[PDB]
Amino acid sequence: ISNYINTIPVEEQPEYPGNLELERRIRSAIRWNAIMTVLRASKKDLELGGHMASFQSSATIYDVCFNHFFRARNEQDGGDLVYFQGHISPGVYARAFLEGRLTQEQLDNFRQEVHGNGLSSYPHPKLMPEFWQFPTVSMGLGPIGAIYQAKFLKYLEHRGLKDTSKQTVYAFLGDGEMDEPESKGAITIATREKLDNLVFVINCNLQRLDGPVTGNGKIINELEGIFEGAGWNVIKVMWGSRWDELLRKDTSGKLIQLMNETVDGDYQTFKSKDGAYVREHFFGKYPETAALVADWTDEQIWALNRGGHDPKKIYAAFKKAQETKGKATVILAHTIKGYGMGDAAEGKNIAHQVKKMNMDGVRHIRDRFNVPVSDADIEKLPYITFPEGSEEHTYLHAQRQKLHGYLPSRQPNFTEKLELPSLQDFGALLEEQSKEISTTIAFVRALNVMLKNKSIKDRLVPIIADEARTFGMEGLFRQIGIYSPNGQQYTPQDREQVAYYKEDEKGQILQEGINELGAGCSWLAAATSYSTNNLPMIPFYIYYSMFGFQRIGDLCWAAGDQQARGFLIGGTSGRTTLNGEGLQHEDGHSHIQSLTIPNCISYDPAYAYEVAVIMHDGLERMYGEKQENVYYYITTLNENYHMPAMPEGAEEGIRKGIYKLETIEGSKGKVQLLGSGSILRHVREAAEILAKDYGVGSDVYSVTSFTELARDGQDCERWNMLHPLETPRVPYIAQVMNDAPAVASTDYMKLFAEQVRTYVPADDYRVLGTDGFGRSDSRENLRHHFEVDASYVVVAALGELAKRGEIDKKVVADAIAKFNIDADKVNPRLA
């Protein structure tokens, strides 16, 4: 932690390259327009929302970047990847409009998008596919997202996939946002990887939403201390040029001690008052600091500005960041929240929430920033524009043209044509297996086929969060290598034999250690590379399913917003299947969390051939000609068993979510039996017992996706309600199933199979599931405890028949005794 002053002294400050006066004229119009869009929205009295005080404090920082730093997407690369602070979007819009990229009609539709021609509250690529690129409004996600983006850019360079050396990743953050564990929790990775292509820009206005971040302390110093400790290059932009003379004429070093000893709380209060206040409460603290300005006017005291508001001080920091190599840079910019809004919110605790202001307030910002709007127009909350030929218009576009154009901007589809493998290339996985394998083995095998596709082999991005040994993928390190930039500065302990720990700068797999959020962020950068850099990359992130959506659900939702196209493989899944691990490992609900995401396609395959068909279909939809903006989630298991051959013509049903595996004959009745994942074979066992011991036949179905089926049914019923005069549309599951009493069982909570109830064409539909906290035991004991094994499926099936009077209820009661079922033990959900 250094003295409370600028890191870069004037003597080391490079000459500012732009026309400061002209840039202010432009900047004042962007400020004005941003405020007008929020005020107009406010006028509607529709509770639309919006912010003003935030962009006010950071506008000049962005302005200096727009005029001299931000490279836009171009012929060679995707340009600089800017993670704009979410709520300062009105200013981004204000600027795109001045640039002629947005219409006045669109600005008038700020936060009203349902009818088209409107604008999102914040950066949402799903909502504005050709404008926004990175969803940053959920605080914490932007910083770590950016860390891994820069990391991925260096990965494409090392792998010789693309020259990304001219791209800089910028994360624009709030000081309050740095409280999120995700914001600072991964900064040492930027050091390990020497990400000299990443720049963190923290707007240190000392305030968050409720009040000051740490009024009793100094966040700038705390930030400096930890980032410096993590090996980052820290640049403090504390004071503007007006302070430079006052600092040079302080031989007592008392001024510096003052600044050092003053805490955040008193600092923002200073700028919420007036010159007189600062004079007594700040400079007045010492008869030495007091003197320095005894000659200055109270108005010349108030004029002193913070570094984050001085283009000259801002530029020096960004220029320095740009030159620094070997490590990442973090710029801590000192600013005023609600800057220039005077009365309205300048340095006030309520500043964040301000979205309206009387004509007195509007007039103030007009005078304050010398906005060119006459008293005759002002009450009309007019947008300002610069006509062709004007210096403002000329300068604004020239500066952007020298930097390759305008941003943000997004390309929804990649251009190249990939020659994806055919289903036939996964042929061996479609046939009966000699050895008993698991669906996780099937996935690794499918990965290897892909690794053999000339077209995409190098575009595959296997990602692990430690746990590769659990998946039996350790042999892969030697095969394709673990990515390590300037890696392997030692000889692996594993060296001698076969599966050693091979780390190479050209290594293909991303090993992110015990860090699911970081692994997901790596997966996200890869999964959106197709748009960001017009370079399709296909990520396969396999990890313990329990630590997926449950642990990184917020990033998974942002991923959907970002239109990620990739594969999330939830390994060691199923509540009863990862039997010995217990409560915090046994996943019987990940599919419930995943169905909440609109563009995530989830599957719970039972067999190897289903995995192959599913993964093949996914590559096609996402990276084939269709370029479908969706990502996949497949749960795989760690249990081995017999893998039969795929039934002829079963492909469509597998992709849709269900197909009839077989029909067992029986003379005493007929039931329908559904199963998914690892529980399917137990449902097939119940089918044999029922036919063998009770003469009850059945239709057996493998349900590869209860969720895709429920979605289909939902779509059918929705269309039906909307087209009352049309013949009702039949949900796919109802087209496949019949009306005989049905029973389903899975390794997930009951809701997973119960979600298709409305669409099941049977009078009876009994669902068995693994509701309840997990615990350690054998797979058999867990399957009995969670009441999902063959014996429970048999009793559920007999129970439905008994009801219809097809069998005696004493027969059900005897089966319960026969199968050693304790009809009175606590509901596993409460266990």
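Position 1 is the first residue in the sequence shown; the rest follow in order. Take the two forms, find the largest set of C-alpha atoms that superpose within 1.5 Å, and that set is the rigid core.
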Comparing 725-733 to 238-246 by root mean square Cα deviation from the shown form in 5 other deposited structures of this protein, core aligned, the larger deviation is found at 725-733
Comparing against the shown form in 5 other deposited structures of this protein, which stretch has the larger RMS C-alpha deviation after a rigid core superposition, 715-723 or 469-477? 469-477
Do at least a third of the other compared PDB entries leave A72 without coordinates? no
Could you tell me whether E496 lacks coordinates in at least a third of the other compared entries whose models cover its neighbours on both sides? yes
Of 469-477 and 710-718, the one with larger mean CA B-factor: 469-477
456-464 or 174-182, whichever carries the higher mean Cα B-factor: 456-464
Which one, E105, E99, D617, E436, has the peak C-alpha temperature factor per the PDB entry? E105
Determine which member of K417, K348, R565, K320 has the highest CA B-factor, using the values in the deposited entry. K417
Could you place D764 in the lowest, middle or highest third of its chain by Cα temperature factor, using the values in the record? highest
Within this chain's modelled residues, let me know which third the CA B factor of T214 belongs to: lowest, middle or highest. middle
Could you tell me which third, lowest, middle or highest, the C-alpha B-factor of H585 occupies within its chain? lowest
Going by the entry, which third of its chain does the Cα temperature factor of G142 land in? lowest
Classify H785 as lowest, middle or highest third according to the C-alpha B-factor given in the PDB entry, relative to its own chain. middle
